[PDB]
Amino acid sequence: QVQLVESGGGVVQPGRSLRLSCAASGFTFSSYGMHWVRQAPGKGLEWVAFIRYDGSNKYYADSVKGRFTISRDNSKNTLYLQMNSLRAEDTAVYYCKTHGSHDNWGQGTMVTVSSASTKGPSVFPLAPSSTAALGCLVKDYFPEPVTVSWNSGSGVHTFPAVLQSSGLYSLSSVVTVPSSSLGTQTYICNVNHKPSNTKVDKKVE
Amino acid sequence: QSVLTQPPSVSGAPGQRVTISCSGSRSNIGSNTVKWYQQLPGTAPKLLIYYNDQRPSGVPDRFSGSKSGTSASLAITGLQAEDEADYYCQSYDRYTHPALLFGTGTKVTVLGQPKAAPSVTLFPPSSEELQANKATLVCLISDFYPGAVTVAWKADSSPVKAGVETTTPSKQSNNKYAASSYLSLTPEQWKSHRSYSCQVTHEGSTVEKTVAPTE
Amino acid sequence: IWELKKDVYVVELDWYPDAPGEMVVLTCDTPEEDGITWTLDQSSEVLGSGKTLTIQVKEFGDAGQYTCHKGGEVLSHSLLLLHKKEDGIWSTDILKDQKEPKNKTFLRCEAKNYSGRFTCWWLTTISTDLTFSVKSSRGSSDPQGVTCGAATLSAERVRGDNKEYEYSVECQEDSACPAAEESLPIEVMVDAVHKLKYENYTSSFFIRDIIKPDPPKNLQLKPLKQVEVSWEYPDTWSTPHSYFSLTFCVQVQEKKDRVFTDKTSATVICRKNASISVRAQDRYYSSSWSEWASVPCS
Amino acid sequence: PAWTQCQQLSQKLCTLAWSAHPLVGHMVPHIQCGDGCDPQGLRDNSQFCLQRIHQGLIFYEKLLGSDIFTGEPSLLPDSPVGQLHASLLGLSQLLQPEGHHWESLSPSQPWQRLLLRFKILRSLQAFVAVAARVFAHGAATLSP
Ligand SMILES: *[C@@H]1O[C@H](CO)[C@@H](O[C@@H]2O[C@H](CO)[C@@H](O[C@@H]3O[C@H](CO[C@H]4O[C@H](CO)[C@@H](O)[C@H](O)[C@@H]4O)[C@@H](O)[C@H](O[C@H]4O[C@H](CO)[C@@H](O)[C@H](O)[C@@H]4O)[C@@H]3O)[C@H](O)[C@H]2NC(C)=O)[C@H](O)[C@H]1NC(C)=O
């Protein structure tokens, strides 16, 4: 079972550096080459760089030549990508793809280049009114993404965020439950925003 | 230093056939093979075709590819709701050897589905939000098709235009669309006006939900 | 699978993680039909028995010198080499890309005349367990006899703190026509073997396009109170000279002043600390110039 | 024969043929072995080689005067083709003067035409090159 795991991403200001890491597993890492690919939110794919099996020859895209540096360490089965002199247009998701016919892709890690600082959300409960539905409100947070959990016993879904005119994000997660169980069960939404290290547990009644 | 040309959008009803072109030149498609990927809204690309026409394991047989001269084509025979997604073609250039040449991408959309009305739900500003001297009305819209609506807020009976912020209709897991609208207000104007409404128009049919300051 | 030469075979593989490879059946070239054992490389481990042996080839650890024995006696050998296909492309890890005249250029060929001889050289960072096999021909459909020798190290240098090893080979056209208008190109095919890895490279060209004469010969200076320059054609150039003519370029090199002529002599202006150099080119065809032939001035 | 004059002309043909700038891009009669244009054959019988040259000069002459060069795309103001065509024509006279009598593939799109202009010239270059060597060798030796 082939697997790839990216890491090292996050937020950073322009001009600064950042190192990315792709952990491999399930095959002979040292016997194959590896790529680095990126994709801006809602846009197409763009190739970044590539490195051979033995690390002998490295290749780069001309939009990152001289700035980015690729490396690997076959002893620990990992792939790296040192990104220096970062720019705004580099904001995207960065995947690691294997080189070959039956290639595999990782989950990817977000990389946000912005002079705007991080920001945590302000969670507010959304109580039900006189079937029924309830939820929570994640308001004013930057940057994406955000994770939320629920606890029930009866559909449920979470909706995407809005990009406010101020440059901040805001979403909400809701759960549809019977109007009969409104009193019995207690409901808590578990928000999490890793970029700001924020974590909240808000009760809804 | 090169790109492949794909059609931005292709469409067709369930059970029909559709084709996606990947046009290039002699340096790339005319001297190399072609791969095809399937990227679903919230995941990473998945491999569909390799070496022009081969199928991996776990890929149905309806996905069929080809290559001719400088251009290639991916054929989806017998559409399904699940096949609604973006598609990318990839190949190499005879001189930028290892560099990957991706296409412009193609948004496959499924139409002809049975019509559906939105499930609106309005929430007032929470008591905790007002304690911070702020107010936000949340009008949520879900489970409907086709994905395109318009939102209109009202203060009692008169129009509300300023302060609104709304998303673009996104697709759900069940292949219907959803969205949300947020009307930021001050604590005083929420208490002054006795009610607010969220009018959601979807294919000529308007759905209204009202709320008042109480409890 | 196919046979590269006697008891040497190549296995083409799609190189990707956890690829299953190809199933290969090796047959011991022998009359006897029982009491047979197989091995790999030097290990005495018996991998199988019988006339034939079935193996799944997916990693270099599965390749090597397969040998069958019968009573200790060595019956037949069979060497397996691997040819990686990486995402639909064959591998080119061995040779260093020269990026001249264009990318993906690993072989560069030259010829000192139209005699029918020529030389091709290539670079690599590898130092051990490295083997090359050269073949050439004029024409693909119906090839013509072109004899190639053995490839050997020609030089060793350092580039970017990593050693560069240059190899070279000499070939010759069997029945040459130096004065003719080349209609079909020369085809050069090279097999490269690094350990068990197999790769092959190619190049196509006419001879007239790769000509590079040797520098002028016997460069002399005759002063005058400014200087008279004289030289001769090189020994390697074709003959007679009234047919295969050459043109020349004279340079004095702070600056570089240059002139051209078809004669074997020229008059110029000399200066202290300067140097006079000359090179040559085919007079009627714009091939490659020759390396400079120099004589210090003053 | 008029060796001394052919050489001065052939040498100019090679000069004009190479000063031409179409962009490098990679997607018929020739002087073959035995045709007698080697130095040995010329001392034996040079007429045989000259039969081939004349045919070759008239061949490219018919080309440079066809639609390939005259038609679209527009030719260059600094185009040597003009002098090159008249040079070929002038040199065919010095061999079979007041002799030749005449009366195939023709591209349609400009791109196809522009490609052949580039494939033809580099083949022309190799033909005149062999000729100049012939007349230089004949002028230096077969000229009493
Ligand atoms: C550089 O490296 C590449 C890659 O390794 C080489 O390309 C391979 O070259 C070999 C040798 O020529 C090819 O193998 C040959 O294929 C021929 C055609 O095969 C097709 O057709 C047959 C049926 O006719 C099918 O079974 C097969 O699957 C293919 O669909 C065969 O006819 C050849 O058979 C020869 O050997 C057998 C014994 O093995 C004899 O009995 C035959 O009479 C015949 O002589 C052979 O199998 C291989 O296909 C090439 N690969 C590709 C992808 O094309 C280059 O040749 C190499 N170049 C140099 C200069 O070394």
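Numbers in chain C track Swiss-Prot; the residues on display, in order, are 23-247, 251-278, 284-328.
The way this entry was determined, per its header, is X-ray crystallography, 3.9 Å.
Yeah, the Cβs are placed from backbone N, Cα and C, and that goes for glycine too.
Only one of C:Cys274, C:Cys300 is recorded by Swiss-Prot as the disulfide partner of C:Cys327: C:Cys300.
Here C:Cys50 (disulfide bond) is compared against the recorded positions C:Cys131, C:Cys142, C:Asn222, C:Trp319, C:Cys327, and the shortest C-alpha distance is to C:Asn222. When the Cα of C:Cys327 (disulfide bond) is compared against those of the recorded positions C:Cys90, C:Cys170, C:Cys193, C:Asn222, the shortest separation belongs to C:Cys193.
When Cα-Cα distances from C:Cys142 (disulfide bond) are compared across the recorded positions C:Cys90, C:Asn135, C:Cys193, C:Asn222, C:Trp319, the shortest belongs to C:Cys193. Put simply, of the recorded positions C:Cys131, C:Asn135, C:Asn222, C:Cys300, C:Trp319, the one whose Cα is nearest the Cα of C:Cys193 (disulfide bond) is C:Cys131. With every protein chain in view, the residue among the glycosylation sites C:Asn135, C:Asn222 whose Cβ has the most Cβ partners within 10 Å turns out to be C:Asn135. For the disulfide-bonded residues shown (C:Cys50, C:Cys131, C:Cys142, C:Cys300, C:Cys327), fewest C-beta neighbours within 10 angstroms: C:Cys300.
Among the recorded positions C:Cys50, C:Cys90, C:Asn135, C:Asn222, residues whose Cβ is positioned under 6 Å from ligand 1 are identified as C:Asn222. Listed recorded positions: C:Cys90, C:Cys170, C:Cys193, C:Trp319; maximum Cβ neighbour count within 10 Å falls on C:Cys90. Across the domain 'Ig-like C2-type' (C:23-106), DSSP classifies residues as 3 helix, 53 strand, 28 coil.
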